[PDB]
Amino acid sequence: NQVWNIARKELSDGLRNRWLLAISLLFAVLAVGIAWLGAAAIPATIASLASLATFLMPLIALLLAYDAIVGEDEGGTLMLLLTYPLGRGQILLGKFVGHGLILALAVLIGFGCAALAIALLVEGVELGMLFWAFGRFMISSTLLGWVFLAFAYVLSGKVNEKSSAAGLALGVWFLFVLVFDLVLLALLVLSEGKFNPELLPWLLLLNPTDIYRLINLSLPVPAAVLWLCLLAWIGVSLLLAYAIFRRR
Amino acid sequence: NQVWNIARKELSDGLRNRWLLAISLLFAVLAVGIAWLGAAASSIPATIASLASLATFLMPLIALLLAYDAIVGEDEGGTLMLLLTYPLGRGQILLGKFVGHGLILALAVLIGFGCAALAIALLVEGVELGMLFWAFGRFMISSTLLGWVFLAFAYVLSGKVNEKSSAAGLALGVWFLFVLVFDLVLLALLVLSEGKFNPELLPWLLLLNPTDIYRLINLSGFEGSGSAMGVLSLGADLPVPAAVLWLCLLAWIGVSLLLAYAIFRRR
Amino acid sequence: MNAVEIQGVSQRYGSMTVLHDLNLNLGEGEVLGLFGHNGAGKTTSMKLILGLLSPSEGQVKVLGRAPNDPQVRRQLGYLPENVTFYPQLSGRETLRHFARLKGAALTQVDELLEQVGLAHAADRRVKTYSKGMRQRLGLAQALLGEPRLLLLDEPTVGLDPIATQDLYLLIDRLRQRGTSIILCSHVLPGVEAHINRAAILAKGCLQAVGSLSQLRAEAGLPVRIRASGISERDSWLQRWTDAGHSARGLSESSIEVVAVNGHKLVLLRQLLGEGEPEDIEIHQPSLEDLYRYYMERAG
Amino acid sequence: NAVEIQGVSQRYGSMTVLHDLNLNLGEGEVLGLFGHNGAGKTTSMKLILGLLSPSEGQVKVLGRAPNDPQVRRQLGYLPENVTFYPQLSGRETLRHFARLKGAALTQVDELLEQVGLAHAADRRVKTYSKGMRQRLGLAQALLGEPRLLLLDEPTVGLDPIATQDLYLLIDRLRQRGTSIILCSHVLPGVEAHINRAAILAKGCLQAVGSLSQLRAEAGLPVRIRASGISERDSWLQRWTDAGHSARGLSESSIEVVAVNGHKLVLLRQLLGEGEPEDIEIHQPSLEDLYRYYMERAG
Amino acid sequence: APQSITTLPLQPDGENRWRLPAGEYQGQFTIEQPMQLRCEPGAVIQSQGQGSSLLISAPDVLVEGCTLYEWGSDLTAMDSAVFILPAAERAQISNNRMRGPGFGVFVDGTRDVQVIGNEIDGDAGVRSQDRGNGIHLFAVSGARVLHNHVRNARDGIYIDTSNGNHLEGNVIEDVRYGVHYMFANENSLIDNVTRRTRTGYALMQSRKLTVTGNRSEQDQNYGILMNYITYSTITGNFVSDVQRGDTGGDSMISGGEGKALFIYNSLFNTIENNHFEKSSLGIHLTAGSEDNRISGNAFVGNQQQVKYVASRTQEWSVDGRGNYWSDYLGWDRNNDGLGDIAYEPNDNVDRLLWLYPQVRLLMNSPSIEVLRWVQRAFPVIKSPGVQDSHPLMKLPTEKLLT
Ligand SMILES: [Mg+2]
């Protein structure tokens, strides 16, 4: 299968990215430095780790894949790759497998050393609950990163130059992390006569960074809808990315 | 003169950067918004510490967006090797870039703090126009100097590096270190030691950070409380007057420009 | 069993018909050279051989099939212009990666690395390659597997003439094996020794297709009869004015005649017998002035 | 006598990347450097431009210092690949180099029509092609009456109509007294317009002088190509006698490498008696001269 | 309803001093003569479940050593265990055991009455709405009530309009309210311990009183509730681990998330040297209760230190000395006890959470983490809060944990 033959490239090209390894080291140090100041000084410190991975795992995913489609078009390899025995689906889904296993390893260096810094600095942490509360944490941090991978494939296929792809990847990172929730707070403190505040626990479902925190803070909806809505953010935006990639 | 002939290019090339004009209008729409919220709440020492913190986050950002590709952006662009075969020196195509990018920062903060002054004299009725002109004149001729430090910082990290994609990593590293990491390293040194590391050395580490010398100049007379300053409350333990704080800001230019020229001389 | 049978295509985008009634027919072993502008004359037809586009009012037939069948592109090399590969990857690793996609054997990557001459620079990063070093890398993926049709879009840009003449030696090895290739070049002099049939096309239509003898017979261009030391310049200037040929007054005892090449057989008979000469050179009209004439023939 | 490099043994990193080249260049000659893209060609290219110091040897560009600011007004250098200033215009880029080189600002309008870039002037350089930037890169090179051009691959990525028009611009400059150095790699075609070549390899300058000087210093097999012949396979058996490696590329695409003692009488073996159609006698060209001189360096 | 003289008291001394022997008794009893009656420890004076068991109408009676059991439950007709009339001035009720479903010690109109050292176990089955008061005091001046033990009554030591009286060293466990105060101007209470109570100290509309050294261990939803107290004094109180809950009746208070101190419309009072430990709210300051001396306390372990839903500034440091805060990330350069930077306990996003509880879903967002940093960088958007210049660096209440 050629979905893996182009995925082994993106592991080998992604692990030699100097920009990723700087941030993934800074992600792994800050995941220890939050866990150091949450144990010596478990839901109180796993929530501060959720605010860290809402900052950096969208940023790690957008650093990997902002030049996935348009970076190959400027490099000229994209027009070459379509003349190979390869569909446009297998290039995109193979990049999603290749970039997906990178940040599925960046949480194993990120939270694999953070959960070690909790199991050896609490002295009585009751590790049967730890490896399930971090199992729900490492899985849901990959799924948050896989959304922004599919968000990066949407903005790469639309633009025609690599410089304007980073101008949209910065715009998607600003909008989906800390502009969508600031206009949720602005709909509260500035509008009260026509804004029902009961609607706002449902309005977090239009934001994959918000659905990421709700399954680390455990709510009118149950947990199982939020897992099926986080996977739905992957499946619509990957289908949206394939529809954009078929119009180059 | 050749120093102005290449300054006229960068004055006409930086102003066509659409990324520049976004975050220099962002500096303008925030300096009006802070001074209007400072007028609606009254809070005089809080509108100085908010404007000096606004130019701490943005005037290094406008300076490093301008000049990170000043040397390596011409080297990888091919036009630096061409420029040395013109009647120029390496000291004239650097000082010319410093004059050319420096007049943009002298104009990007004259729009920002210019509309900040007109959103007080046309908003606060009966304000003292003499105290307004002096305090916001001190904001104009010192946010250029903070901008000219990070302009001269960007020439250091452009002549040393050899790729523009990797130059943006160092310019982001310098912006993170001097603005909001050195303020946190000094905070964590004071919190974890509870102020008992050194009762006499610790105010002198503010002079090793030009964003903190910038904050100490504008918060000279407008001290007021202590929690409106933060880690800038160590400035009361500094025995140096305000005029030396100007001279340590010019010395941050001249050491990091002579370092910027000695690096570029062996490019 | 023709490799490329372009049968009456009309390619268009909006109101602009960017390719008007092109009809190519590439043989099973020919080396065909597409020459034209950088714009949509050449680069749309080159994209039409590949499955990147579709014939808007015609059809193309690569190897007797449609160009988007996956069995075609398992035996269809391609090297594009100005390609920079993945710079964090390696030289051997990139060709190992492209061998996995084309269905080629992994044992074939070691011969192809040294055939193009990249064994000194394999297992090094692609960012520390030259422009000419990347062109040998991009050639080596076009020979992956056993290709039956190549498309070498500008293979000689930024190459030393040792490696350029080495490249055409690889071409003449390839076309004798039974692999008809396609050149899409701008640099014309040097390529005419190995082009089996030129295919100069301007912006609108297909201008001229034929062999090099087939173009110069049709497109009437002057041959270059340049001599030196016959007896003297003016002592044999008389024969060209009497037979009606434009003759030039060259340097010293030396005769340049830009003849009309109809009499150039019988112009060379009585010239050669009495002629001493030290150093002559008879130049036929090249690919360049043929391209210069066919550009002015269509605008 | 513009460029007079004498006795330069240029080293950096204790490598000795250029050794004892004595490259004199006249007042109207069009030189061509034809080394590789290693440290052979570009070190001598950096040395003439004055941005390098010649270790153990003098360099006299225009009879003066190579880095002196009075001679740099009389130079014009076209670099290899130059994306100049992608947010600047076409005119304002060329106006900027006019103020640097001290040329007249009225020259800037008449250079954008001398070089064919009047249709795309006052547009952004990011909206320019690779060939259009070479037209811009030539336009700054002809600025302020340059007595010494220096063109580093001047016609790569260029249309052949514009390539043929560029050399007619070059031949205009030879008559005016401006020496041109072509640091090129596009060697088929450039030998019709240079005056003296200079092939250098492994640091050492191998050969120098004109084309007739190079053929006198190096016996090459003269190439006799012929297509469209009444005979098909006879020449690959008849013409293998006197060291003639007769080779074809079709049924009749026979090239013949005579040993240049038969340069007048093998044509008498073909056109004296015999019926061909497309007769093509070349001399020893640039490339086979370049091929012979590179292998001599090993 | 018999009298105390209708029993069999063996007189030890002929100066109106009596001694009741061991043995049970029955019915209500009434003291009409100044008899200093003592009792043996086996004197289980068990009533049948109706009426006030030991009514006292004579002055200067040293009731000592009784063991009372099962009196009435009519709280409207005030079925107490020890009823003390207004004419029974300076009564001493020393070291007694009581078990019954009504009022324990109901006094009214008395002066200099002494209720010392008793153990009053209220009930086990009633729903903490009809158990009756432990030590009810109704407009008494002089009431020296010291070191008693009230358990499982209704609203503990209820006090209504009693002017001058001390409450020293008494332990009150598993009751509805610990100490209830109603219009008790110029009062005092020292060193009391309240455990597992739906409100530790009810201070309603009582002025000029001294609340000193008292302890509140694991009470529910209100540590010290002060309603409308003026010119008071809160020095040395230890309020620990006020967990959430509900009072079950919602009569005078509401349910709370757990507040160690709740200041409601108290204008002037000195709140010094206290210790508010491990609650959900360290101190709740309403908008009507402003400008009072709050300096020297220890706000350690609280999940939220101050709740102050206002925009008026509130300095919390008299004479330049402030409070110790556990989450105060400050330094001390010049080696005094005080910190160097002031401490704002509340952000602007920490008061949006009180106004809108839906922001708790957004409380882990990076934008809130941005907005917490934007306030620390830009003090123009900082609403004027409840800061204190010079907060303490070390714990001042090193003795209150003992
Ligand atoms: Mg202090």
# chains A, B, ... in the order shown; residues from 1 in each chain; ligands from 1
>>> residues_around(residues="segment 112-118 of chain B", least_positions_apart="2", cutoff="12 Å", atoms="only C-alpha atoms", output="PyMOL selection string")
chain B and resi 21+23-39+47-48+50-52+54-55+58-59+105-110+120-125+127-144
>>> residues_around(residues="residue 292 of chain D", least_positions_apart="4", cutoff="8 Å", atoms="only C-alpha atoms", output="PDB file with N, CA and C atoms, in the first residue's frame")
ATOM      1  N   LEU D 220      42.595  18.427 -31.753  1.00  0.00           N
ATOM      2  CA  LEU D 220      41.327  17.773 -31.500  1.00  0.00           C
ATOM      3  C   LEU D 220      40.829  17.080 -32.761  1.00  0.00           C
ATOM      4  N   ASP D 288      34.230  20.064 -27.019  1.00  0.00           N
ATOM      5  CA  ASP D 288      35.295  19.074 -27.172  1.00  0.00           C
ATOM      6  C   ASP D 288      36.659  19.642 -26.801  1.00  0.00           C
ATOM      7  N   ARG D 296      42.665  16.454 -19.138  1.00  0.00           N
ATOM      8  CA  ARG D 296      44.096  16.675 -18.975  1.00  0.00           C
ATOM      9  C   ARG D 296      44.436  17.072 -17.546  1.00  0.00           C
TER      10      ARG D 296
END
>>> atom_distance(atom1="atom CA of residue 221 of chain A", atom2="atom CA of residue 149 of chain A")
26.1 Å
>>> residues_near_ligand(ligand="ligand 1", cutoff="8 Å", atoms="only C-alpha atoms and all ligand atoms", output="PDB file with N, CA and C atoms, in the first residue's frame")
ATOM      1  N   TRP E 331       8.372  38.425  47.042  1.00  0.00           N
ATOM      2  CA  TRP E 331       9.704  38.380  47.617  1.00  0.00           C
ATOM      3  C   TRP E 331       9.814  39.388  48.745  1.00  0.00           C
ATOM      4  N   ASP E 332      10.925  39.301  49.467  1.00  0.00           N
ATOM      5  CA  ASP E 332      11.206  40.240  50.546  1.00  0.00           C
ATOM      6  C   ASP E 332      12.683  40.605  50.482  1.00  0.00           C
ATOM      7  N   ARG E 333      12.978  41.779  49.930  1.00  0.00           N
ATOM      8  CA  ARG E 333      14.371  42.173  49.773  1.00  0.00           C
ATOM      9  C   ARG E 333      14.909  42.788  51.058  1.00  0.00           C
ATOM     10  N   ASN E 334      14.325  43.907  51.486  1.00  0.00           N
ATOM     11  CA  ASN E 334      14.671  44.474  52.780  1.00  0.00           C
ATOM     12  C   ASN E 334      14.017  43.618  53.844  1.00  0.00           C
ATOM     13  N   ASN E 335      14.830  43.009  54.714  1.00  0.00           N
ATOM     14  CA  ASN E 335      14.416  41.917  55.601  1.00  0.00           C
ATOM     15  C   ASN E 335      13.555  42.453  56.742  1.00  0.00           C
ATOM     16  N   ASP E 336      12.314  42.768  56.418  1.00  0.00           N
ATOM     17  CA  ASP E 336      11.246  42.928  57.383  1.00  0.00           C
ATOM     18  C   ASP E 336      10.273  41.764  57.233  1.00  0.00           C
ATOM     19  N   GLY E 337       9.205  41.773  58.032  1.00  0.00           N
ATOM     20  CA  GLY E 337       8.256  40.680  57.936  1.00  0.00           C
ATOM     21  C   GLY E 337       7.360  40.784  56.722  1.00  0.00           C
ATOM     22  N   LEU E 338       7.277  41.975  56.138  1.00  0.00           N
ATOM     23  CA  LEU E 338       6.334  42.310  55.090  1.00  0.00           C
ATOM     24  C   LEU E 338       6.894  41.954  53.723  1.00  0.00           C
ATOM     25  N   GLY E 339       5.990  41.690  52.787  1.00  0.00           N
ATOM     26  CA  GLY E 339       6.375  41.488  51.409  1.00  0.00           C
ATOM     27  C   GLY E 339       6.681  42.797  50.735  1.00  0.00           C
ATOM     28  N   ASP E 340       7.234  42.703  49.534  1.00  0.00           N
ATOM     29  CA  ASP E 340       7.639  43.917  48.850  1.00  0.00           C
ATOM     30  C   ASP E 340       6.606  44.395  47.835  1.00  0.00           C
ATOM     31  N   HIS E 390       2.004  45.784  51.345  1.00  0.00           N
ATOM     32  CA  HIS E 390       2.827  45.055  52.313  1.00  0.00           C
ATOM     33  C   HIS E 390       2.120  43.832  52.900  1.00  0.00           C
TER      34      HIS E 390
END
>>> select_by_dssp(residues="segment 17-173 of chain A", states="helix (DSSP H, G or I)", output="PyMOL selection string")
chain A and resi 18-39+43-65+70-75+77-81+88-110+116-119+127-133+135-158+162-173
>>> residues_around(residues="residue 118 of chain E", least_positions_apart="5", cutoff="7 Å", atoms="only C-alpha atoms", output="list in words")
residues 94, 95, 96, 97, 148 and 149 of chain E
>>> residues_around(residues="segment 176-189 of chain B", least_positions_apart="5", cutoff="12 Å", atoms="only C-alpha atoms", output="PyMOL selection string")
(chain B and resi 52-61+64+146+149-150+153+169-171+194-198+201-215+229-234) or (chain E and resi 329-333+341+373+376-377)
>>> residues_around(residues="segment 206-220 of chain C", least_positions_apart="4", cutoff="10 Å", atoms="only C-alpha atoms", output="MDAnalysis selection string")
(chainID C and resid 19:25 32:34 36 41:42 192:193 195:202 260:262 284:287 290:291 293:295 297:298) or (chainID D and resid 227:228 277:278)
>>> write_last_selection(atoms="C-alpha atoms", output="JSON list (two decimals), in the first residue's frame")
[["chain", "number", "residue", "atom", "x", "y", "z"],
["C", 19, "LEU", "CA", -3.47, 24.86, -27.26],
["C", 20, "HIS", "CA", -5.16, 24.90, -30.67],
["C", 21, "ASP", "CA", -5.44, 21.66, -32.72],
["C", 22, "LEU", "CA", -2.23, 19.98, -31.60],
["C", 23, "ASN", "CA", -1.67, 16.62, -33.33],
["C", 24, "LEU", "CA", 1.52, 14.84, -32.24],
["C", 25, "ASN", "CA", 2.54, 11.26, -32.92],
["C", 32, "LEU", "CA", 11.23, 14.32, -29.58],
["C", 33, "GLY", "CA", 11.95, 17.88, -28.55],
["C", 34, "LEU", "CA", 9.15, 20.21, -27.53],
["C", 36, "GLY", "CA", 8.37, 26.87, -27.24],
["C", 41, "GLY", "CA", 2.15, 26.59, -25.18],
["C", 42, "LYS", "CA", 4.63, 23.98, -23.99],
["C", 192, "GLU", "CA", 20.14, 18.84, -31.98],
["C", 193, "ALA", "CA", 22.64, 15.96, -32.25],
["C", 195, "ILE", "CA", 16.79, 15.00, -31.19],
["C", 196, "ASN", "CA", 15.25, 12.46, -33.55],
["C", 197, "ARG", "CA", 12.38, 14.81, -34.50],
["C", 198, "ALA", "CA", 11.91, 18.40, -33.39],
["C", 199, "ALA", "CA", 8.51, 19.70, -32.33],
["C", 200, "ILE", "CA", 8.75, 23.51, -32.23],
["C", 201, "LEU", "CA", 5.38, 25.01, -31.29],
["C", 202, "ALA", "CA", 4.44, 28.64, -30.69],
["C", 260, "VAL", "CA", 20.65, 29.56, -50.60],
["C", 261, "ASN", "CA", 21.65, 25.82, -50.18],
["C", 262, "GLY", "CA", 20.05, 24.70, -53.47],
["C", 284, "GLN", "CA", 23.68, 23.91, -41.72],
["C", 285, "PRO", "CA", 20.90, 26.03, -40.15],
["C", 286, "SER", "CA", 20.79, 24.95, -36.51],
["C", 287, "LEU", "CA", 17.90, 24.38, -34.16],
["C", 290, "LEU", "CA", 15.04, 27.37, -37.12],
["C", 291, "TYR", "CA", 13.32, 28.28, -33.86],
["C", 293, "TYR", "CA", 12.46, 31.59, -38.07],
["C", 294, "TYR", "CA", 9.42, 29.65, -36.85],
["C", 295, "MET", "CA", 8.75, 32.20, -34.10],
["C", 297, "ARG", "CA", 6.55, 32.82, -38.97],
["C", 298, "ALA", "CA", 3.83, 32.90, -36.28],
["D", 227, "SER", "CA", 22.47, 13.24, -42.33],
["D", 228, "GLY", "CA", 20.23, 12.31, -45.26],
["D", 277, "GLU", "CA", 22.62, 16.10, -49.04],
["D", 278, "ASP", "CA", 23.10, 17.64, -45.56]]
>>> interface_residues(of="chain D", to="chain C", cutoff="8 Å", atoms="only C-alpha atoms", output="PyMOL selection string")
chain D and resi 36+156-161+185-189+227-228+249+263-264+268+271-272+277-283+287+290-291
>>> residues_around(residues="residue 74 of chain E", least_positions_apart="2", cutoff="12 Å", atoms="only C-alpha atoms", output="VMD selection string")
chain E and resid 49 to 52 71 to 72 76 to 81 100 to 103 130 to 133
>>> residues_around(residues="residue 166 of chain A", least_positions_apart="6", cutoff="9 Å", atoms="only C-alpha atoms", output="ChimeraX atom specification")
/A:62-63,66-67,156
>>> closest_residue(among="D:211, D:141, D:236, D:246", to="chain B", atoms="only C-alpha atoms")
D:141
>>> atom_distance(atom1="atom CA of residue 90 of chain A", atom2="atom CA of residue 3 of chain A")
5.2 Å
>>> atom_distance(atom1="atom CA of residue 192 of chain E", atom2="atom CA of residue 89 of chain E")
25.2 Å
>>> closest_residue(among="D:80, D:68, D:20, D:113", to="residue 84 of chain B", atoms="only C-alpha atoms")
D:68
>>> closest_atom_pairs(of="chain B", to="chain D", cutoff="12 Å", atoms="only C-alpha atoms", output="CSV")
residue,atom,partner,partner_atom,distance
B:1,CA,D:100,CA,9.0
B:2,CA,D:100,CA,6.4
B:3,CA,D:100,CA,9.4
B:4,CA,D:100,CA,9.7
B:5,CA,D:99,CA,6.1
B:6,CA,D:100,CA,7.4
B:7,CA,D:96,CA,10.0
B:8,CA,D:96,CA,8.2
B:9,CA,D:96,CA,6.7
B:10,CA,D:88,CA,9.7
B:11,CA,D:88,CA,11.1
B:12,CA,D:88,CA,7.8
B:13,CA,D:88,CA,6.2
B:14,CA,D:87,CA,8.6
B:15,CA,D:87,CA,9.4
B:16,CA,D:87,CA,6.3
B:17,CA,D:87,CA,7.2
B:18,CA,D:87,CA,9.7
B:19,CA,D:87,CA,12.0
B:69,CA,D:85,CA,11.4
B:70,CA,D:85,CA,11.2
B:73,CA,D:85,CA,9.4
B:74,CA,D:84,CA,7.9
B:75,CA,D:82,CA,9.7
B:76,CA,D:82,CA,8.7
B:77,CA,D:83,CA,5.3
B:78,CA,D:82,CA,4.6
B:79,CA,D:84,CA,5.7
B:80,CA,D:84,CA,9.3
B:81,CA,D:79,CA,7.8
B:82,CA,D:79,CA,6.6
B:83,CA,D:97,CA,8.9
B:84,CA,D:51,CA,6.7
B:85,CA,D:49,CA,5.9
B:86,CA,D:72,CA,5.6
B:87,CA,D:69,CA,4.9
B:88,CA,D:69,CA,7.3
B:89,CA,D:69,CA,9.1
B:90,CA,D:51,CA,10.4
B:92,CA,D:100,CA,11.1
B:93,CA,D:100,CA,10.6
B:96,CA,D:100,CA,11.8
B:265,CA,D:51,CA,11.2
B:266,CA,D:52,CA,11.0
B:267,CA,D:51,CA,10.9
